[PDB]
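The structure appears below as structure tokens.
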Amino acid sequence: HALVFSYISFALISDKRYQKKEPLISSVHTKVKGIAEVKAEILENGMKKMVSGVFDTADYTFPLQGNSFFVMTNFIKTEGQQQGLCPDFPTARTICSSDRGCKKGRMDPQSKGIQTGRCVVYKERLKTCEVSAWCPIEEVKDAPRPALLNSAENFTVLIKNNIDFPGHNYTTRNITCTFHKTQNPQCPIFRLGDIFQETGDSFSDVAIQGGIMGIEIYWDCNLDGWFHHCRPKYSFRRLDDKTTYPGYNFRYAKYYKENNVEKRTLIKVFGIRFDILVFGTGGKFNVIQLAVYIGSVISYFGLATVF
Amino acid sequence: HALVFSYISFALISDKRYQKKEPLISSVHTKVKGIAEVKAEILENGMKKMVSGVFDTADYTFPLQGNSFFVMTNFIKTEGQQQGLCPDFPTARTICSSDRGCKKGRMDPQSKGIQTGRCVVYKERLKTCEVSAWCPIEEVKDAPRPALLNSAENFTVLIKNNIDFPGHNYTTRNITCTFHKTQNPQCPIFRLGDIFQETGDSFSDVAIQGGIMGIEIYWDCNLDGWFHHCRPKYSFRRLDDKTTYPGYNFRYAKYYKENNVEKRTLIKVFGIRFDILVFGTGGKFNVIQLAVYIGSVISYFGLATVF
Amino acid sequence: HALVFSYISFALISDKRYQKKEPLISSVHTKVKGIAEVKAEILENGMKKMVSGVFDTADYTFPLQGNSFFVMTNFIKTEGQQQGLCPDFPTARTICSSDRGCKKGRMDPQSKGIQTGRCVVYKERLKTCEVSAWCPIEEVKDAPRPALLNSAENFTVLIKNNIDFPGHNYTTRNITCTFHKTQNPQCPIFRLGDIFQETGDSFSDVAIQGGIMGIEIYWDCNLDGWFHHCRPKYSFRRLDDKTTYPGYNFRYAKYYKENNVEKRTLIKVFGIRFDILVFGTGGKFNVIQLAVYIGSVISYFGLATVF
Ligand SMILES: *[C@@H]1O[C@H](CO)[C@@H](O[C@@H]2O[C@H](CO)[C@@H](O)[C@H](O)[C@H]2NC(C)=O)[C@H](O)[C@H]1NC(C)=O
Ligand SMILES: *[C@@H]1O[C@H](CO)[C@@H](O[C@@H]2O[C@H](CO)[C@@H](O)[C@H](O)[C@H]2NC(C)=O)[C@H](O)[C@H]1NC(C)=O
Ligand SMILES: *[C@@H]1O[C@H](CO)[C@@H](O[C@@H]2O[C@H](CO)[C@@H](O)[C@H](O)[C@H]2NC(C)=O)[C@H](O)[C@H]1NC(C)=O
Ligand SMILES: C[C@@H](N/C(=N/c1cccc2ncccc12)NC#N)c1ccccc1
Ligand SMILES: C[C@@H](N/C(=N/c1cccc2ncccc12)NC#N)c1ccccc1
Ligand SMILES: C[C@@H](N/C(=N/c1cccc2ncccc12)NC#N)c1ccccc1
């Protein structure tokens, strides 16, 4: 009888059933900090090309969208594209053996053009299907072995989170320093390399193909006057698949007119997209809850006494 | 007495009250696949114009923002706009009868310019209020009868969802094939026409004015060791109003300098915006929950025996 | 005994425990309305400059991302930037006393360039560290005293919210008029000045540095056939910090080629970002819930009779 009561009180205190539970409504704002300089040479379209320059903050990041920001880590540039007819890039399914090899008015899913039914020569007696689209088509090329945005990990991000709860009627807002698991857990500025070290994923390896990382924030807050604890817990987990179109990459174009001719530049962007997740639990003691718990435990105690 | 107990156990098993319930934290990544070629001629500004060309993946879509992507289906192009003074486009409230007809320093909500108080001639003794803004103003014109992006329905979208739960400490990640309601429900690649066929909304009709469609995912997962079921359920529903500024459309500009003169191109974009929604329910059996349910049913059984 | 029963029924009716509770899944679409004309003169780079013109809808706003839109209120323009070497802008940590004062191959966090280790003269015997990046670097300059987008408050925004619930199997969709707290609470068109008047924050003061505002919507809906109440409640709260890199601002660039030379224009954007939040509570009466509540109150009544 007494043991059932002590265990009921201990379980109720451990689960905190007397305090009312409610979700948290958060609004996040992020500011990217740090710049990187790319000075690597990679051949393009059969010709060796040298790339050099520095990327400002606005060059490698977008504004926060849906409580999540993106950061570039690698890219493939294609300049001078203009609508027209050209032979498709050589692929396992793009090479044509004869003129009538390909089908007219057909567009493959992987191909970025609609075939006109003509077998043309891309380079030196190598025939692919004549396609109608942005010419020339971007070459199928793996991400560069060294991630162009090598200095991306040394970057530091600033995350400001505003918490609001309807029942509480309060809003909680979350020196230059880098967040550390134990030394400095309060610093809201994070080093990407520190995050990937938290998740155990190589930043240099992921930056080549791209990735999707998210920052999880847990709130174990209780509105009780006695034990008032409300501190943001920072947990990190990788959303990308790892094993592996893996990583994060999309086609982004910039259109310009040259010599009275419409032109477009297609850029394949590989990067890491961070999703800021805010999950919290609020608990403001309510008399009805305590009365319900007591009412439920009373029967258990009585049955324990009956045996 | 016995019937009340059997009904209590049957109801508890049907509602699954013994298993702990928790929400699901998801992160979605989408990749658009497919291209369309537009070769339609539509008159513009009183002159017949011919439009032809193919649109790549980067041309008709944006990067995923807020777990939702947008896909263009129709557009109205306006080129050569530059700041200055010009007569407003003829409308029910823009035509001026006399010079002093319009008010100086006034800007109507529907109008995109601030009137200077001068009644000018747009074309052939037709007078509208002189306005200061991007000139010339884009003409009020209905969406083209045939949706320019006819081939949009044949497109295929790839959706990858990563599920994470705090109490479970696990992450679940969700061949070229098209998803089917019964034949192939596992294929994560979707044909837009298949979605609109699921919702029963004509794609060709909606593409003209634009629309907002969302993909709902339901999770009826249970963490119990006995019955372990965790499969993503795909439900589809149209968020747009249908009846009807209906549809989805926004003004998107691209600024270029020509002949040492600042210029801007205004494009009215009509398209369908897909919102990926992830709703799930987790249930990991907890002793406290079962004890609470039993404690609540005990009183009901006793009262049933008392009668 | 009787008082405990009457109080139990009154408390159950007040808390509405018999009705099933469920969250709400919303999809929001926003359309910005109104235009502003900027005709202010502010000196730039030691030279007085005059700015004049009108901004269309597409100029000061982006498409809705993550159920939240952004509206510009102030900006700093920097034109002609091109990659190269140049002296950094004079700052407390950028001025070099001697040639060997600065460290080679070092980039400060606040600085947007990587120092080459050379002490150069920015203007008249004033030495800063030679940096490699976008040249010339944007000058450190406070936001203009008068917010360039003065007419932003007079703007009107249209918000359309679609509500969906899985258990209810229904979708609820939410004349030109401005929403008022009491006169016209149904008008879905909002005047920004009206919002900031609701939150008590000066719009003219915030527009200079920028801000983050959110529109909260509460749903106290009950699916009971007797008392069927389901009306959207509009509550407003400011997410920005106020006290204070405060406000909302980001670097946004536009790249153009001039005289066969790659060039970029960096624009520091200050604005207010509105986050549309949808929180609701659904309640469809369930027999199991009522039976549970009654079972929990029965023990309390019996104990009250025992005394
Ligand atoms: C990130 O910062 C670290 C220093 O905190 C850099 O490490 C140095 O790298 C240089 C070569 O660039 C070496 O000469 C130094 O010996 C390194 N020092 C340390 C302590 O590691 C690192 O190179 C930076 N990474 C990037 C991509 O810029
Ligand atoms: C989408 O694909 C279907 C085929 O799966 C196309 O249907 C064909 O259309 C052509 C005309 O372009 C007809 O000659 C064929 O007879 C059609 N076949 C079938 C099976 O429908 C359809 O035209 C495509 N739609 C778009 C907009 O490209
Ligand atoms: C917003 O609209 C109000 C009117 O509703 C404007 O107020 C007028 O401002 C002009 C000067 O531009 C004065 O001559 C009038 O006397 C004002 N009238 C009233 C009733 O206030 C206000 O200027 C507008 N604000 C902006 C930034 O355009
Ligand atoms: C804003 C844009 N950044 C861009 N940065 C470059 C600046 C100079 C030269 C470049 N060359 C190749 C590639 C990039 C650049 N260029 C564009 N557009 C971007 C960033 C992240 C993801 C997509 C797009
Ligand atoms: C990225 C952009 N796509 C664009 N595609 C075109 C490419 C060539 C010619 C065009 N002509 C008219 C209209 C479009 C185009 N042009 C721009 N900007 C876009 C896509 C979807 C929604 C808004 C904006
Ligand atoms: C789309 C863009 N608006 C822009 N509007 C201008 C139009 C003409 C002259 C300008 N001069 C200075 C500054 C702006 C402008 N220009 C660009 N890019 C924008 C809007 C809001 C936030 C970021 C970016």
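In the structure tokens, the first chain shown is A, the next is B, and so on; residue numbers restart at 1 for each chain, and ligands run from 1 in the order shown.
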
Next on the checklist: Could you tell me which residues of chain C sit within 9 Å of chain A when counting only C-alpha atoms, and give me the result as a VMD selection string?
Outcome noted: chain C and resid 11 64 to 68 83 to 84 107 to 114 132 to 134 212 214 218 239 to 241 248 to 253 255 to 257 266 275 277 279 293 295 to 300

Checklist entry - Quick one: residues within 12 Å of range 225-227 of chain C, only C-alpha atoms counted, chain neighbours fewer than 6 positions away excluded, as a PyMOL selection string? => result chain C and resi 13+16+19+283-285

Checklist entry - Mind listing the residues within 7 Å of ligand 1, only C-alpha atoms and all ligand atoms counted, as a ChimeraX atom specification? => result /A:150-154

Item to check | Nearest-residue call for ligand 5, choices B:222, B:259, B:116, B:265, using only C-alpha atoms and all ligand atoms | outcome: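 Counting only C-alpha atoms and all ligand atoms, the residue closest to ligand 5 is B:265.
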
Checklist entry - Could you write out, as a ChimeraX atom specification, all the residues of range 163-302 of chain A that DSSP marks as helix (DSSP H, G or I)? => result /A:192-199,203-209,287-302

Now that the selection is made, can you save its residues with C-alpha atoms as a CSV table (one decimal), in the first residue's frame?
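Generated output (part-v1.csv):
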chain,number,residue,atom,x,y,z
A,192,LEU,CA,30.9,24.2,-39.3
A,193,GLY,CA,33.8,22.0,-38.7
A,194,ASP,CA,32.7,21.8,-35.1
A,195,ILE,CA,29.3,20.6,-36.2
A,196,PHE,CA,30.6,18.0,-38.5
A,197,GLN,CA,32.9,16.9,-35.7
A,198,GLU,CA,29.9,16.6,-33.5
A,199,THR,CA,28.2,14.4,-36.1
A,203,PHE,CA,33.6,18.2,-44.0
A,204,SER,CA,36.2,18.0,-46.7
A,205,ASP,CA,34.7,14.8,-48.0
A,206,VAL,CA,31.1,16.0,-47.9
A,207,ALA,CA,31.8,19.4,-49.5
A,208,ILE,CA,32.8,17.7,-52.8
A,209,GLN,CA,29.3,16.2,-53.4
A,287,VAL,CA,-4.7,21.8,-10.7
A,288,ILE,CA,-6.9,19.8,-13.1
A,289,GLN,CA,-3.9,17.7,-14.2
A,290,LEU,CA,-2.8,16.9,-10.6
A,291,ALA,CA,-6.4,16.0,-9.7
A,292,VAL,CA,-6.6,13.7,-12.7
A,293,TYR,CA,-3.3,12.0,-11.8
A,294,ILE,CA,-4.3,11.6,-8.2
A,295,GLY,CA,-7.7,10.2,-9.2
A,296,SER,CA,-6.0,7.6,-11.5
A,297,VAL,CA,-3.5,6.6,-8.8
A,298,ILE,CA,-6.2,6.2,-6.1
A,299,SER,CA,-7.7,3.2,-7.7
A,300,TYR,CA,-4.3,1.6,-8.1
A,301,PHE,CA,-3.5,2.1,-4.5
A,302,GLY,CA,-6.8,0.7,-3.4

Can you list every residue in range 8-54 of chain B that DSSP puts in strand (DSSP E), as a PDB file with N, CA and C atoms, in the first residue's frame?
ATOM      1  N   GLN B  19       0.828   2.455 -26.034  1.00  0.00           N
ATOM      2  CA  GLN B  19       2.021   2.954 -26.702  1.00  0.00           C
ATOM      3  C   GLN B  19       2.117   4.467 -26.569  1.00  0.00           C
ATOM      4  N   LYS B  20       3.325   4.950 -26.288  1.00  0.00           N
ATOM      5  CA  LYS B  20       3.547   6.382 -26.146  1.00  0.00           C
ATOM      6  C   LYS B  20       3.469   7.071 -27.502  1.00  0.00           C
ATOM      7  N   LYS B  21       2.812   8.226 -27.530  1.00  0.00           N
ATOM      8  CA  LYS B  21       2.630   8.997 -28.751  1.00  0.00           C
ATOM      9  C   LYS B  21       3.585  10.182 -28.772  1.00  0.00           C
ATOM     10  N   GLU B  22       4.176  10.436 -29.938  1.00  0.00           N
ATOM     11  CA  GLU B  22       5.116  11.533 -30.111  1.00  0.00           C
ATOM     12  C   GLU B  22       5.070  11.997 -31.557  1.00  0.00           C
ATOM     13  N   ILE B  25       9.800  14.659 -36.635  1.00  0.00           N
ATOM     14  CA  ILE B  25      10.571  15.794 -37.133  1.00  0.00           C
ATOM     15  C   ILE B  25      11.209  15.373 -38.450  1.00  0.00           C
ATOM     16  N   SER B  26      10.754  15.965 -39.549  1.00  0.00           N
ATOM     17  CA  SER B  26      11.160  15.552 -40.883  1.00  0.00           C
ATOM     18  C   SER B  26      11.958  16.647 -41.580  1.00  0.00           C
ATOM     19  N   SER B  27      12.841  16.219 -42.482  1.00  0.00           N
ATOM     20  CA  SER B  27      13.603  17.114 -43.345  1.00  0.00           C
ATOM     21  C   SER B  27      13.499  16.586 -44.767  1.00  0.00           C
ATOM     22  N   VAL B  28      13.018  17.423 -45.681  1.00  0.00           N
ATOM     23  CA  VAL B  28      12.688  17.007 -47.039  1.00  0.00           C
ATOM     24  C   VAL B  28      13.642  17.671 -48.021  1.00  0.00           C
ATOM     25  N   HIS B  29      14.000  16.935 -49.071  1.00  0.00           N
ATOM     26  CA  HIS B  29      14.789  17.449 -50.182  1.00  0.00           C
ATOM     27  C   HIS B  29      14.133  17.010 -51.481  1.00  0.00           C
ATOM     28  N   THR B  30      13.956  17.950 -52.404  1.00  0.00           N
ATOM     29  CA  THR B  30      13.243  17.703 -53.649  1.00  0.00           C
ATOM     30  C   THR B  30      14.134  18.023 -54.840  1.00  0.00           C
ATOM     31  N   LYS B  31      14.016  17.212 -55.891  1.00  0.00           N
ATOM     32  CA  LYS B  31      14.749  17.414 -57.134  1.00  0.00           C
ATOM     33  C   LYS B  31      13.769  17.313 -58.292  1.00  0.00           C
ATOM     34  N   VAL B  32      13.671  18.378 -59.080  1.00  0.00           N
ATOM     35  CA  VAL B  32      12.748  18.408 -60.208  1.00  0.00           C
ATOM     36  C   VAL B  32      13.410  17.768 -61.419  1.00  0.00           C
ATOM     37  N   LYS B  33      12.631  16.999 -62.175  1.00  0.00           N
ATOM     38  CA  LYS B  33      13.127  16.288 -63.344  1.00  0.00           C
ATOM     39  C   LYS B  33      12.155  16.458 -64.502  1.00  0.00           C
ATOM     40  N   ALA B  36      10.559  21.106 -70.732  1.00  0.00           N
ATOM     41  CA  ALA B  36       9.477  21.409 -71.654  1.00  0.00           C
ATOM     42  C   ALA B  36       9.945  22.434 -72.676  1.00  0.00           C
ATOM     43  N   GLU B  37       9.384  22.342 -73.877  1.00  0.00           N
ATOM     44  CA  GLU B  37       9.686  23.259 -74.968  1.00  0.00           C
ATOM     45  C   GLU B  37       8.436  24.058 -75.308  1.00  0.00           C
ATOM     46  N   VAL B  38       8.568  25.381 -75.324  1.00  0.00           N
ATOM     47  CA  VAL B  38       7.463  26.286 -75.616  1.00  0.00           C
ATOM     48  C   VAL B  38       7.688  26.876 -77.000  1.00  0.00           C
ATOM     49  N   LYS B  39       6.705  26.689 -77.892  1.00  0.00           N
ATOM     50  CA  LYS B  39       6.757  27.207 -79.254  1.00  0.00           C
ATOM     51  C   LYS B  39       5.365  27.736 -79.611  1.00  0.00           C
ATOM     52  N   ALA B  40       4.945  28.786 -78.913  1.00  0.00           N
ATOM     53  CA  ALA B  40       3.649  29.409 -79.132  1.00  0.00           C
ATOM     54  C   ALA B  40       3.833  30.880 -79.474  1.00  0.00           C
ATOM     55  N   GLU B  41       2.910  31.405 -80.274  1.00  0.00           N
ATOM     56  CA  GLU B  41       2.931  32.798 -80.703  1.00  0.00           C
ATOM     57  C   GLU B  41       1.728  33.515 -80.107  1.00  0.00           C
ATOM     58  N   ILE B  42       1.988  34.598 -79.378  1.00  0.00           N
ATOM     59  CA  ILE B  42       0.942  35.405 -78.762  1.00  0.00           C
ATOM     60  C   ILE B  42       1.280  36.872 -78.984  1.00  0.00           C
ATOM     61  N   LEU B  43       0.283  37.656 -79.387  1.00  0.00           N
ATOM     62  CA  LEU B  43       0.495  39.076 -79.616  1.00  0.00           C
ATOM     63  C   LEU B  43       0.777  39.796 -78.302  1.00  0.00           C
ATOM     64  N   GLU B  44       1.633  40.814 -78.378  1.00  0.00           N
ATOM     65  CA  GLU B  44       2.025  41.588 -77.208  1.00  0.00           C
ATOM     66  C   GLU B  44       2.100  43.059 -77.582  1.00  0.00           C
ATOM     67  N   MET B  47       1.197  43.957 -81.107  1.00  0.00           N
ATOM     68  CA  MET B  47       1.996  43.349 -82.159  1.00  0.00           C
ATOM     69  C   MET B  47       2.099  41.851 -81.920  1.00  0.00           C
ATOM     70  N   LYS B  48       1.923  41.077 -82.989  1.00  0.00           N
ATOM     71  CA  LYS B  48       2.036  39.629 -82.889  1.00  0.00           C
ATOM     72  C   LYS B  48       3.487  39.235 -82.641  1.00  0.00           C
ATOM     73  N   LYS B  49       3.703  38.374 -81.648  1.00  0.00           N
ATOM     74  CA  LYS B  49       5.036  37.920 -81.284  1.00  0.00           C
ATOM     75  C   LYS B  49       5.073  36.399 -81.272  1.00  0.00           C
ATOM     76  N   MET B  50       6.209  35.842 -81.682  1.00  0.00           N
ATOM     77  CA  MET B  50       6.425  34.402 -81.700  1.00  0.00           C
ATOM     78  C   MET B  50       7.440  34.029 -80.630  1.00  0.00           C
ATOM     79  N   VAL B  51       7.091  33.047 -79.804  1.00  0.00           N
ATOM     80  CA  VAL B  51       7.951  32.568 -78.728  1.00  0.00           C
ATOM     81  C   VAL B  51       8.303  31.114 -79.008  1.00  0.00           C
ATOM     82  N   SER B  52       9.589  30.789 -78.902  1.00  0.00           N
ATOM     83  CA  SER B  52      10.060  29.433 -79.136  1.00  0.00           C
ATOM     84  C   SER B  52      11.317  29.196 -78.314  1.00  0.00           C
ATOM     85  N   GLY B  53      11.506  27.956 -77.902  1.00  0.00           N
ATOM     86  CA  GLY B  53      12.662  27.586 -77.108  1.00  0.00           C
ATOM     87  C   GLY B  53      12.311  26.499 -76.116  1.00  0.00           C
ATOM     88  N   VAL B  54      13.349  25.990 -75.459  1.00  0.00           N
ATOM     89  CA  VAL B  54      13.216  24.939 -74.459  1.00  0.00           C
ATOM     90  C   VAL B  54      13.691  25.482 -73.119  1.00  0.00           C
TER      91      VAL B  54
END
